[PDB]
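*Asks:* The following block contains the structure, expressed as C-alpha cells.
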Amino acid sequence: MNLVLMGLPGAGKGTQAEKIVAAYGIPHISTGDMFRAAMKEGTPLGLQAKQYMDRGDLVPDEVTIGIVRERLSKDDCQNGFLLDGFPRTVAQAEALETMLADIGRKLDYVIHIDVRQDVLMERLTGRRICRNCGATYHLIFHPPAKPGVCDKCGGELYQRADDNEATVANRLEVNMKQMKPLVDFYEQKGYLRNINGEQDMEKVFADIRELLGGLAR
Ligand SMILES: Nc1ncnc2c1ncn2[C@@H]1O[C@H](COP(=O)(O)OP(=O)(O)OP(=O)(O)OP(=O)(O)OP(=O)(O)OC[C@H]2O[C@@H](n3cnc4c(N)ncnc43)[C@H](O)[C@@H]2O)[C@@H](O)[C@H]1O
Ligand SMILES: [Zn+2]
C-alpha cells in the first residue's frame, strides 16, 4: 500500500499519519521530520533547510526530491509506505511518479485532508509540543492537564519556531500556491481522495480507514 498524505500546514497530516502507520505497520516518511533531523545533526542539508524552514518557505525541489529518492530505496518500504508532506509541488509529484516506477511501484491513493484557512491558522498558532518527548498538544483543541507541562513526561511545552502567526501566514500562502494545483494533477490520474479534516480526530481517522478498507476489498 503506497500512500500520500497531502494538505495545507495544520490540516492534521502528522496526527493522522501516526494512527495510520500504527494500524498497518508501514513506514512514515515525513519530509518535514527528515529536514528537522538533518538540522539537529548539523549536516549540509540541515543547515540549508533551516533557512527556508525558519521563514516558512519551501526547501528547493532538487534537494527535497533527492532525500526522498534515497529514503524510498530502502528495503523497509517493500510492504508499502506513507509519504507525509511530499509531494507539495508539481515538480515533486512528477519526480515521484518516476522514482516509484523505477522501483516497480505505483501510488494507490493521494489523501487530501481539506480544512479552511482560518481554522488552519488556529491549528498551528495554538500547537504546543513537549521538548522532552515530542508529544503534541493544542491550547484550544486539546490542552494538557496543567498549563505548560507535558502529561506524558512532565516536560516543558514550547511553540515550534515556525508556528508564530507571521510565519504561519507565509506558510499557508506558499503551500496554497504550490500544493493546490496537485488536487487537479491527482484527480486526473484517479489517485485523489478528499477527506474533511474539520472533524474530530477519530472521525477523520474513521473516514480514512473506510477509504483504505476498499483496497482489501
Ligand atoms: N515536500 C517539501 N518540499 C519543500 N519543503 C518542504 C517539504 N516538506 C517539508 N518542507 C519544509 O519543512 C517545513 C516544515 O514541514 P512540515 O513539518 O511538514 O510542515 P507542515 O506541512 O506545515 O505541517 P505541520 O506539521 O505544521 O502540520 P500537520 O498537518 O502535520 O499538523 P498536526 O497533525 O500536528 O496538527 C496541527 C495541530 O492541530 C491539532 N489537530 C490535529 N487534528 C486535529 C483535529 N482533527 N481537530 C482539532 N485539532 C487537531 C494537532 O494537535 C496540532 O496541535 C516546511 O515549511 C518546508 O520548509
Ligand atoms: Zn513529554
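Each chain of the C-alpha cells is named A, B, ... in the order shown, its residues numbered from 1; ligands are numbered from 1 in display order.
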All residues within 7 Å of ligand 2 are required, counting only C-alpha atoms and all ligand atoms; please report them as a PyMOL selection string.
*Replies:* chain A and resi 130-135+150-155
*Asks:* Select the residues contacting ligand 1 at a distance of at most 7 Å, based on only C-alpha atoms and all ligand atoms, then format the selection as a VMD selection string.
*Replies:* chain A and resid 7 to 16 30 to 33 35 49 52 to 53 56 to 61 64 85 to 88 123 to 124 126 to 128 136 to 138 141 to 142 171 197 to 201 204
*Asks:* Extract the full set of helix (DSSP H, G or I) residues from chain A according to DSSP on the backbone, and format it as a PyMOL selection string.
*Replies:* chain A and resi 13-24+31-41+44-55+61-72+75-77+90-102+117-125+165-179+181-189+201-216
*Asks:* Please return, as number ranges by chain, all residues of stretch 57-171 of chain A that DSSP assigns to strand (DSSP E or B) on the basis of the backbone.
*Replies:* A: 81-84, 109-114, 127-130, 136-138, 142, 149, 156-158
*Asks:* Create the file for the chosen residues now, containing N, CA, C and O atoms and written as a PDB file, in the first residue's frame.
*Replies:*
ATOM      1  N   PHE A  81       4.311   2.180   2.148  1.00  0.00           N
ATOM      2  CA  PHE A  81       4.800   3.340   2.870  1.00  0.00           C
ATOM      3  C   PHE A  81       3.768   4.452   2.847  1.00  0.00           C
ATOM      4  O   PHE A  81       2.847   4.448   2.038  1.00  0.00           O
ATOM      5  N   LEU A  82       3.956   5.411   3.744  1.00  0.00           N
ATOM      6  CA  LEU A  82       3.089   6.580   3.836  1.00  0.00           C
ATOM      7  C   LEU A  82       3.973   7.835   3.734  1.00  0.00           C
ATOM      8  O   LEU A  82       4.821   8.069   4.602  1.00  0.00           O
ATOM      9  N   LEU A  83       3.840   8.543   2.613  1.00  0.00           N
ATOM     10  CA  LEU A  83       4.559   9.805   2.364  1.00  0.00           C
ATOM     11  C   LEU A  83       3.701  10.922   2.985  1.00  0.00           C
ATOM     12  O   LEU A  83       2.540  11.110   2.624  1.00  0.00           O
ATOM     13  N   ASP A  84       4.299  11.685   3.889  1.00  0.00           N
ATOM     14  CA  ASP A  84       3.595  12.727   4.617  1.00  0.00           C
ATOM     15  C   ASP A  84       4.244  14.077   4.320  1.00  0.00           C
ATOM     16  O   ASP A  84       5.375  14.340   4.748  1.00  0.00           O
ATOM     17  N   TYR A 109      -3.403   5.697  -3.289  1.00  0.00           N
ATOM     18  CA  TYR A 109      -4.223   6.870  -3.022  1.00  0.00           C
ATOM     19  C   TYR A 109      -3.403   8.077  -2.584  1.00  0.00           C
ATOM     20  O   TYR A 109      -2.381   7.936  -1.899  1.00  0.00           O
ATOM     21  N   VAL A 110      -3.909   9.255  -2.944  1.00  0.00           N
ATOM     22  CA  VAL A 110      -3.351  10.533  -2.504  1.00  0.00           C
ATOM     23  C   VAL A 110      -4.520  11.099  -1.680  1.00  0.00           C
ATOM     24  O   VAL A 110      -5.581  11.418  -2.221  1.00  0.00           O
ATOM     25  N   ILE A 111      -4.361  11.057  -0.363  1.00  0.00           N
ATOM     26  CA  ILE A 111      -5.380  11.511   0.575  1.00  0.00           C
ATOM     27  C   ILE A 111      -5.176  12.993   0.852  1.00  0.00           C
ATOM     28  O   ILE A 111      -4.198  13.393   1.472  1.00  0.00           O
ATOM     29  N   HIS A 112      -6.130  13.790   0.406  1.00  0.00           N
ATOM     30  CA  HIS A 112      -6.094  15.227   0.580  1.00  0.00           C
ATOM     31  C   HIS A 112      -6.971  15.598   1.767  1.00  0.00           C
ATOM     32  O   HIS A 112      -8.182  15.418   1.705  1.00  0.00           O
ATOM     33  N   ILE A 113      -6.364  16.034   2.867  1.00  0.00           N
ATOM     34  CA  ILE A 113      -7.113  16.435   4.067  1.00  0.00           C
ATOM     35  C   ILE A 113      -7.407  17.935   3.950  1.00  0.00           C
ATOM     36  O   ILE A 113      -6.533  18.772   4.126  1.00  0.00           O
ATOM     37  N   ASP A 114      -8.665  18.249   3.659  1.00  0.00           N
ATOM     38  CA  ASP A 114      -9.127  19.610   3.434  1.00  0.00           C
ATOM     39  C   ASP A 114      -9.644  20.331   4.677  1.00  0.00           C
ATOM     40  O   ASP A 114     -10.507  19.818   5.396  1.00  0.00           O
ATOM     41  N   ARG A 127      -0.641  25.243  18.648  1.00  0.00           N
ATOM     42  CA  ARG A 127       0.049  23.973  18.845  1.00  0.00           C
ATOM     43  C   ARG A 127       1.191  24.143  19.836  1.00  0.00           C
ATOM     44  O   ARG A 127       1.896  25.148  19.775  1.00  0.00           O
ATOM     45  N   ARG A 128       1.325  23.201  20.774  1.00  0.00           N
ATOM     46  CA  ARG A 128       2.431  23.193  21.751  1.00  0.00           C
ATOM     47  C   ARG A 128       3.012  21.776  21.742  1.00  0.00           C
ATOM     48  O   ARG A 128       2.269  20.798  21.712  1.00  0.00           O
ATOM     49  N   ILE A 129       4.337  21.670  21.733  1.00  0.00           N
ATOM     50  CA  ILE A 129       4.994  20.364  21.664  1.00  0.00           C
ATOM     51  C   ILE A 129       5.897  20.174  22.876  1.00  0.00           C
ATOM     52  O   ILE A 129       6.465  21.142  23.368  1.00  0.00           O
ATOM     53  N   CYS A 130       6.010  18.935  23.365  1.00  0.00           N
ATOM     54  CA  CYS A 130       6.872  18.663  24.515  1.00  0.00           C
ATOM     55  C   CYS A 130       8.350  18.629  24.075  1.00  0.00           C
ATOM     56  O   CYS A 130       8.726  17.895  23.148  1.00  0.00           O
ATOM     57  N   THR A 136       2.427  16.103  21.294  1.00  0.00           N
ATOM     58  CA  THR A 136       1.779  17.294  20.759  1.00  0.00           C
ATOM     59  C   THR A 136       0.441  17.598  21.421  1.00  0.00           C
ATOM     60  O   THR A 136      -0.371  16.707  21.657  1.00  0.00           O
ATOM     61  N   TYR A 137       0.240  18.871  21.732  1.00  0.00           N
ATOM     62  CA  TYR A 137      -0.992  19.340  22.346  1.00  0.00           C
ATOM     63  C   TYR A 137      -1.479  20.548  21.573  1.00  0.00           C
ATOM     64  O   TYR A 137      -0.834  21.031  20.626  1.00  0.00           O
ATOM     65  N   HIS A 138      -2.632  21.035  21.983  1.00  0.00           N
ATOM     66  CA  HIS A 138      -3.193  22.214  21.373  1.00  0.00           C
ATOM     67  C   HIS A 138      -3.922  22.982  22.465  1.00  0.00           C
ATOM     68  O   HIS A 138      -4.800  22.437  23.144  1.00  0.00           O
ATOM     69  N   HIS A 142      -7.007  20.626  22.373  1.00  0.00           N
ATOM     70  CA  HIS A 142      -6.650  19.525  23.276  1.00  0.00           C
ATOM     71  C   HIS A 142      -5.460  19.900  24.154  1.00  0.00           C
ATOM     72  O   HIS A 142      -4.312  19.488  23.927  1.00  0.00           O
ATOM     73  N   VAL A 149       2.999  22.090  30.891  1.00  0.00           N
ATOM     74  CA  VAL A 149       3.599  20.814  31.297  1.00  0.00           C
ATOM     75  C   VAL A 149       3.040  19.637  30.495  1.00  0.00           C
ATOM     76  O   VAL A 149       1.838  19.520  30.318  1.00  0.00           O
ATOM     77  N   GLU A 156       8.704  20.303  29.477  1.00  0.00           N
ATOM     78  CA  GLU A 156       8.292  21.660  29.126  1.00  0.00           C
ATOM     79  C   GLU A 156       7.661  21.711  27.737  1.00  0.00           C
ATOM     80  O   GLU A 156       8.212  21.150  26.780  1.00  0.00           O
ATOM     81  N   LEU A 157       6.518  22.383  27.619  1.00  0.00           N
ATOM     82  CA  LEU A 157       5.887  22.545  26.307  1.00  0.00           C
ATOM     83  C   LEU A 157       6.388  23.857  25.686  1.00  0.00           C
ATOM     84  O   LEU A 157       6.623  24.831  26.398  1.00  0.00           O
ATOM     85  N   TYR A 158       6.584  23.877  24.373  1.00  0.00           N
ATOM     86  CA  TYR A 158       7.016  25.105  23.704  1.00  0.00           C
ATOM     87  C   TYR A 158       6.341  25.191  22.350  1.00  0.00           C
ATOM     88  O   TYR A 158       5.745  24.223  21.876  1.00  0.00           O
TER      89      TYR A 158
END
*Asks:* What gap, in Å, lies between atom CA of residue A:207 and atom CA of residue A:19?
*Replies:*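 About the pair atom CA of residue A:207 and atom CA of residue A:19: they are 12.3 Å apart.
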*Asks:* Within 12 Å of residue A:104, counting only C-alpha atoms, which residues qualify if same-chain residues fewer than 6 places away don't, as a ChimeraX atom specification?
*Replies:* /A:2,72-73,77-78,80,97-98
*Asks:* Would you mind exporting C-alpha atoms of the selected residues as a PDB file, in the first residue's frame?
*Replies:*
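Output file selection-v7.pdb follows:
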ATOM      1  CA  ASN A   2       1.626   3.201  -1.262  1.00  0.00           C
ATOM      2  CA  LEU A  72      12.378   5.172  -0.785  1.00  0.00           C
ATOM      3  CA  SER A  73      15.197   2.926  -1.975  1.00  0.00           C
ATOM      4  CA  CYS A  77       9.449   0.204   2.070  1.00  0.00           C
ATOM      5  CA  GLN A  78       8.794  -3.188   0.415  1.00  0.00           C
ATOM      6  CA  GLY A  80       4.298  -0.123   1.436  1.00  0.00           C
ATOM      7  CA  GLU A  97       5.884   9.087 -10.475  1.00  0.00           C
ATOM      8  CA  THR A  98       9.301   8.369 -11.992  1.00  0.00           C
TER       9      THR A  98
END
*Asks:* Could you tell me which of A:167, A:43, A:1, A:183 comes closest to residue A:215 if we count only C-alpha atoms?
*Replies:*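 Smallest distance to residue A:215 is found for A:1.
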*Asks:* Here is a test: counting only C-alpha atoms, which residue of A:179, A:39, A:17, A:166 is nearest to residue A:91?
*Replies:*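 The shortest atom-to-atom distance to residue A:91 comes from A:179.
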